[PDB]
Amino acid sequence: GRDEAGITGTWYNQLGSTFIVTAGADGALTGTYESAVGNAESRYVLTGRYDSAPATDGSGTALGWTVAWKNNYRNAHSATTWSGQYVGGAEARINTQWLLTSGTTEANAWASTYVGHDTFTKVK
Amino acid sequence: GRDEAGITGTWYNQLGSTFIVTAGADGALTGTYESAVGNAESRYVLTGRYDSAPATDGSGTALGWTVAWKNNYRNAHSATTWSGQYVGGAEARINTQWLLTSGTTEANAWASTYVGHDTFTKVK
Amino acid sequence: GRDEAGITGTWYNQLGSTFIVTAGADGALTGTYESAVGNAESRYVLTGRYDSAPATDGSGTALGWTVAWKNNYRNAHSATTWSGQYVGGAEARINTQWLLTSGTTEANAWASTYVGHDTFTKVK
Amino acid sequence: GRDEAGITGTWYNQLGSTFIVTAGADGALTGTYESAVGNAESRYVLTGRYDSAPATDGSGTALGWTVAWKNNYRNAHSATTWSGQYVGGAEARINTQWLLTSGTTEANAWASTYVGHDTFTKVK
């Protein structure tokens, strides 16, 4: 992918969470996520996809990934998906919006899903 | 996972899209997505995650997955993530909300992301 | 407005909530909202806006409104906004997505906002 | 309202849009919005609501408002709703997420709604 090298590595968001990802030539994202907030400790598996042949007109690179909040320490019975774009250059960023869904009863399902936004950088 | 068997298979949404998924014992989702709408033809790779040890209190099972809208036929320079829960039983459903991000210039980035909701069933 | 008459009246969503609205010739929406779920009882003030000169090509009519969840009975320290379109005809609908924000501390602000979707009809 | 004085005035977001609002003692928001981006020129009516008796535990103040993108100059056949909270103090902010719905045909309704986030400050 044009940005395989640009995306692969360690990223940090505004909450101090850590996103460790490898971008595959085939469009795969694989890695681990450590949340600095919520019902989470240590690393969680993530997987996702990215556009491995982005536009050459200065547009960002579309990508997304998922974490299910279960590991050997805790289970928050929830999953977050991040949808966003990678923007390359001196101050590289991944700009995302996310959806966090909990498992709920049918009676609480109206309140199942949080929305928010995270900005990832290669420093801090 | 408790719902590995329940989730694995072919699902259809209200737009007539087809979601073909395998649930792994390890919490993985792998498969293909065929959209009946938008800048899409034929199948696209998907990957995601699910809660492989959900609550036993009648709650749904949290999950999510990603499609990058690139395959051998087309590239829509975009990715969608679905976040939702699997609800088992006679009329099994996956109830989701989604985020579709396009690669954009910095000037158009305010308008990069669509939001919507899809309901998947095992029939139709 | 072309749909002033179509929008004005009593609407019901899939949760059994009641949306009582008047559409003004000037694009105003005014009325009351009664939620069948959550930290709510009785009616709450709402206000919003709609497109009073929609397209004549069969498109829906864009609109939105807000409820702050404070009245003489309760205060849930939260506000919901509905964004959607009115679709006229025999089975008239308002199809919406919503954002529910709570007042939070800066530490909990990542988890401040729910997202969901409501479909309003003139019956039930 | 506790923050009637804090909210009332001129606000600016990260795109250079201008939000002119009056907060009523009754929980009303009234004013005008000028977008620096998209299919917009000059001012548009807005209305909304806020929590006029917020929590006294350091939480923000929940609020929301709507703009229908019609005025005497243009009609973008769309409406945006902002949902968020007001955070008082030396560097006062309104932190929002928004939903922009267009009027669409039933065939395009899956792609009717954008989501994003705006941060408003009293300077710039």
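Each chain carries a letter (A, B, C and D) given by its place in the written order, and its residues are counted from 1.
Here, a residue touches a chain if its C-beta (ideal position, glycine included) is under 8 Å from a C-beta of that chain, and two chains touch if they have at least 3 such contacts.
Student: When the contacting C-beta pairs are counted for A-C and for B-C, which pair yields the higher total?
Tutor: It is A-C, judged by the count of C-beta pairs in contact.
Student: Pick out the pair in B-D, A-D or A-B whose interface repeats that of C-D, meaning over half of the contact pairs match by residue number.
Tutor: Most of the C-D contacts reappear at A-B.
Student: Centroid of subunit A to centroid of subunit C, CA atoms only: how many Å?
Tutor: Chain centroid spacing, subunit A to subunit C, equals 31 Å.
Student: If you average the Cα atoms of subunit A and of subunit B to get two centres, how far apart are those centres in Å?
Tutor: The answer is 16 Å.
Student: Report the inter-centroid distance (CA atoms only) between subunit B and subunit C in whole Å.
Tutor: 28
Student: Show the residues in subunit D shared as contacts by 2 or more other chains, in ascending order.
Tutor: Counting only residues that touch two or more other chains, subunit D contributes 97, 99-100, 112-113, 115-116.
Student: Write out the stretch or stretches of subunit B touching subunit D in their complex.
Tutor: 15, 37-38, 99-100, 107, 110-116
Student: Give the list of subunit A residues in touch with subunit B in this complex.
Tutor: So the residues of subunit A in touch with subunit B come to 26-29, 45-55, 57-70, 75, 77-85, 87, 95-106, 109, 112-113, 115.
Student: Quick check on the complex: what are the subunit A residues that touch subunit D?
Tutor: So the residues of subunit A in touch with subunit D come to 97, 115-117.
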